[PDB]
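Take a look at this single chain, the form deposited without this ligand, given in structure tokens.
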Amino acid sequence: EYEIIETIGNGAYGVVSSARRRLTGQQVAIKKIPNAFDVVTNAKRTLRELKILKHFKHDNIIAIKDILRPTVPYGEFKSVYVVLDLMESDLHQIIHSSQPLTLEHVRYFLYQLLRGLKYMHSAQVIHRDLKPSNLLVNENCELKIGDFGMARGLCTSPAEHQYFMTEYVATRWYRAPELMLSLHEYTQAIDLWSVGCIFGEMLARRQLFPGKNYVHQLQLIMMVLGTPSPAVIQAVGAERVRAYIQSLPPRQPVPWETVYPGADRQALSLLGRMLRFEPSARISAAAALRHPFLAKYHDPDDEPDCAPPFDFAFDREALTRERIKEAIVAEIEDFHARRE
């Protein structure tokens, strides 16, 4: 059914190769999840990604084009092959390169990211790990959100270490204050902080808050945003963090005009609405699409929502490796049953 072109990716997630469907000639990406059922955590992540990707049908979200069925007896089925959209590059590679990246690239890239998030957020899915390298870009300039391994809903299981250890959730440089500080307000606003960091990074072609560790990350955010308000400080989970913030002299926010000199006024207005300490003070993905900065591309009638919401109940279940394997195999079966 597929002719392998060349092996591209490795590792942690598995091996990624480019390929073509022999009959149609259609170019695809094939990801091999080797020994997919050996580790609970990894198997749970595979299951979660398969369901999330099967749930969405959106141009700015990576899609499963095919899932290869077992070709061996059930007991011998050990590695999963997922056929995905072939995406040549990513936003990290574009930002950090000799390629052009004008205000017009920023505007179009931001538009697509926000269009994809509006859809995902309406399904009650918080990606929690947005960063330029997870924003894949093809040769036609289509941006797609990938890597849904860290994604969660509005309600998560207390059985997971992350439930309590929010400061290890995702990547330090794009991690929302609520996760860093355990503010007990974990909504789609987590993603809008990440968007602001990505937006800033596209404007200057360098990371906005590249903290060397936990404290340095907090320092970096406060050097621009100013000291958090007492309402935020009181909500800080840990006393050592709370005490550390209070041990520092008062700081007023620095205008985005100083951080990004001579940058577009409408780009800084939108950036300001995204990068706020308080999750509820942040602009939503839907309201950001209505901002004058994205007026050129914005069509309310071409920016869909996702109905019905995605349910994370399956992920909260304590399953053994074998029970997760059965669930994954049932997902591959459902994929083919829905197609036929």
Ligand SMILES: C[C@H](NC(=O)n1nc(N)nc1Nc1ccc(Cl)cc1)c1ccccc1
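The numbering used is simple: start at 1 and walk along the sequence shown. Residues that one form lacks are left out of the comparison. What we label the rigid core is the largest C-alpha set whose atoms superpose within 1.5 Å from one form to the other.
The discussion below concerns the form deposited with this ligand bound, not included here.
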For this session: Could you superimpose the pocket C-alphas so that this ligand sits on this ligand-free chain as it does in the deposited complex, and then tell me whether the site is open or blocked by the 2.4 Å backbone/C-beta test with a threshold of 3 atoms?
Result: blocked
Problem set entry | Contact residue in the deposited complex, from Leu268, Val241, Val82, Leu203 (heavy atom within 4.5 Å of this ligand) | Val82
For this session: Just give me the single entry in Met274, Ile33, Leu289, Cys306 that has a non-hydrogen atom within 4.5 angstroms of this ligand in the deposited complex.
Result: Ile33
Problem set entry | Complete contact of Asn42, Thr46 and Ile64 with this ligand in the deposited complex (any heavy atom, 4.5 Å) | yes
Problem set entry | Residue stretch of 46-54, 279-287, 311-319, 292-300 approaching this ligand in the deposited complex, non-hydrogen atom distance within 4.5 Å | 46-54
For this session: Select from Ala318, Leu23, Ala330, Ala12 the only position whose Cα moves 2 Å or more between this form and the one not shown when the core is aligned.
Result: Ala12
Exercise. Which is it in the deposited complex for the CA atoms of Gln124 and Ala12, closer or farther than here, knowing they shift by 3 Å or more?
Worked result: closer
For this session: Say whether the C-alpha atoms of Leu136 and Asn10 sit closer together or farther apart in the deposited complex than in the form shown here, given that their separation changes by 3 Å or more.
Result: closer
Problem set entry | Shifted regions of at least three residues between this form and the one not shown, judged by C-alpha displacement of 2 Å or more after core alignment | 9-15
